[PDB]
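Please treat every number below as a calculation from the coordinates, not as lab data. When we count neighbours, we look across all protein chains shown, and the Cβ atoms used for this are built from the backbone with ideal geometry, even at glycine.
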Amino acid sequence: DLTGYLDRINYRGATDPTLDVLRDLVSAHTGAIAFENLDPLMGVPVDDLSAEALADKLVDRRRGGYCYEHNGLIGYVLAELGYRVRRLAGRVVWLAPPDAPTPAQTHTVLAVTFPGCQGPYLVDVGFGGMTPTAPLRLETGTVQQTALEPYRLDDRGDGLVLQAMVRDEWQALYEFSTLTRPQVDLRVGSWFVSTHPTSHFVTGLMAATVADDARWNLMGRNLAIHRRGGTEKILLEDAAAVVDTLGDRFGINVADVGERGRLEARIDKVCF
Ligand SMILES: CC(C)(COP(=O)(O)OP(=O)(O)OC[C@H]1O[C@@H](n2cnc3c(N)ncnc32)[C@H](O)[C@@H]1OP(=O)(O)O)[C@@H](O)C(=O)NCCC(=O)NCCS
């Protein structure tokens with residue numbers, strides 16, 4: 001802690017708080033720690049947002065987690081490296097209507113600065129399927145390239161909206177204030193998302209990771225692989241198959257959950 005972590009993400013690795021080092025960290029982290037909701041899905045809330053609790057889960061126990069766990073963790077880490085970290089909250093609007101009941105603030109992201117930096121950067125290793133896998137400049141109007149899809153920040157409110165080009169369209173991901181939010185608001189937001197019985201993190205399975213050079217997205221028993229925009233689709237045949245995929249492909253420590261019969265029947269109910 002940090003050698004636990006820098007080793008878990010396989011970064012090796014210079015540690016000075018520079019732009020180069022921020023890009024490489026965000027790259028290794030998103031390549032090694034899957035987005036997943038196995039806990040909420042198993043009726044285990046995500047409540048404790050401390051460095052010790054998140055480190056224990058996403059590093060020592062070799063699990064993934066969601067936005068609060070991912071951006072919680074990588075935030076304690078950059079802080080330690082001597083980056084300056086502000087936590088922000090956001091509402092998710094990915095594939096929202098029209099229809100749109102205003103969404104809850106169920107997302108958290110980071111505004112990061114460092115010595116001699118050219119302005120703030122946005123860090124979000126916890127969105128899931130569409131997470132930006134590079135730090136983005138906290139500036140509006142500029143189209144910003146990554147190893148995968150391009151990103152753009154626009155004014156909305158009061159706040160910003162992050163969009164990404166997917167296929168032949170700009171799609172909105174989440175809206176957010178640049179105001180710092182206290183840890184306690186993050187914890188309230190996490191309680192909601194992990195325990196509210198109509199939460200999609202409670203009622204279905206979702207996983208995401210990046211294995212080169214592509215998004216591997218799991219939603220139920222549907223696995224989508226987006227490489228260079230092209231989507232390949234795999235329908236997993238049974239719950240045993242999905243648990244195996246979570247273990248091999250998504251590199252999650254499934255026994256940590258961790259009676260495989262019990263995970264398999266939740267998956268089967270869910271699912272299935
Ligand atoms: C569950 C999740 C990982 C799965 O994403 P997914 O498997 O690609 O499916 P989605 O519902 O997100 O996307 C739907 C469509 O967009 C397409 N798409 C998504 N990403 C794409 C990309 N990288 N390139 C091309 N197409 C893409 C999908 O193929 C699908 O198209 P289709 O059904 O019309 O063929 C994702 O929706 C997710 O991470 N959820 C959001 C998390 C959240 O609420 N925020 C974090 C707070 S904790």
**Study point:** Linear extension gain, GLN171 paired with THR195, 0.36 nm per residue minus alpha-carbon span
**Key:** 5.8 nm
Review point. Along segment 210-220, what does the Karplus equation 6.51 cos²θ - 1.76 cosθ + 1.60 (θ = phi - 60°) give for ³J(HN,Hα), rounded to whole Hz, x for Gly and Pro?
Key: 9, 9, 4, 10, 8, 7, 10, 10, 10, 9, x
Review point. Amide H of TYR174: which non-local residues (sequence gap of 5 or more, or other chain) have their own amide H closer than 5 Å, using H built in the peptide plane?
Key: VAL93, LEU162
Exercise for review: Name the most mobile residue of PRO132, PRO120, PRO197, meaning the one with the largest mean-square fluctuation, in a Gaussian network model of the chain with Cα contacts below 10 Å.
Suggested key: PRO197
Study note, to complete from the structure: The ³J(HN,Hα) series, computed from each phi in segment 163-179 with the Karplus coefficients 6.51, -1.76 and 1.60 at θ = phi - 60°, rounded to the nearest Hz and given as x for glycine or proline, is 10, 9, 6, 10, 6, 10, 8, 6, 10, 7, 9, 8, 9, 7, 7, 7, 4
Exercise for review: Once you have the Kirkwood Rh of segment 134-268 from its Cα pairs, apply Stokes-Einstein at 4 °C and 1.567 mPa s and quote D in µm²/s.
Suggested key: 74
Check your understanding: Taking segment 196-272, which GluC sites (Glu not before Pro) meet the DSSP loop condition and have no more than 15 other C-beta atoms within 10 Å?
Key -> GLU237, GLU259
**Study point:** Within the chain: Cβ-based charge dipole about Cα centre, in debye rounded to nearest 20 (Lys, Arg +1; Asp, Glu -1)
**Key:** 160
Practice item. At 0.36 nm per residue, minus the direct Cα-Cα distance, what do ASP256 and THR142 gain on full extension? Give it in nm, one decimal, please. Key: 36.8 nm
Review point. Given springs between every Cα pair under 10 Å in a Gaussian network model of the chain, which of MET206, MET165, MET130 has the largest fluctuation?
Key: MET165
Exercise for review: Just rank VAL270, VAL202, fewest to most, by other beta-carbon atoms within 10 angstrom.
Suggested key: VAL270, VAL202
Practice item. Taking H placed 1.01 Å from N in the peptide plane, check which residues at least 5 places from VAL46 or on another chain put their amide H under 5 Å from its amide H. Key: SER194
Exercise for review: Filter the trypsin sites (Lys or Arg not before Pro) in segment 172-256 down to the DSSP loop ones having no more than 15 other Cβ atoms within 10 Å, then list what survives.
Suggested key: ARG228
Practice item. Take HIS107, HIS226, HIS196 and order them by how many other Cβ atoms sit within 10 Å, fewest up front. Key: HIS196, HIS226, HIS107
**Study point:** Estimated [θ] at 222 nm from DSSP helical runs (n ≥ 4, -39500 (n - 2.57)) normalised by residues in the chain, nearest 500
**Key:** -8500 deg cm²/dmol
Study note, to complete from the structure: At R0 = 41 Å the Cβ-Cβ FRET efficiency linking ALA79 and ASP238, nearest 0.05, sits at 0.40
**Study point:** Unit charges at the beta carbon, dipole of the chain: most positive-side option, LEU246, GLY75, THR102
**Key:** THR102
Exercise for review: Could you please state, rounded to a whole Å, how far the C-alpha centre of segment 1-47 is from the C-alpha centre of segment 131-185?
Suggested key: 20
Point to revise | Point-charge dipole on Cβ atoms (K/R +1, D/E -1) for segment 99-219, about Cα centre, debye to 20 | key: 320
**Study point:** Karplus 3J(HN,Hα) series, Hz, for segment 33-46 with 6.51 cos²θ - 1.76 cosθ + 1.60 (x for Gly, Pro)
**Key:** 10, 4, 6, 6, 10, 4, 3, x, 4, 9, x, 10, x, 10
Revision key, fill the gap. With T = 10 °C, eta = 1.306 mPa s and Kirkwood Rh from C-alpha pairs, the Stokes-Einstein D of segment 81-193 in µm²/s is about 108
Check your understanding: Using only Cα atoms, what is the ratio of the radius of gyration of the chain to 2.2 N^0.38 Å?
Key -> 0.95
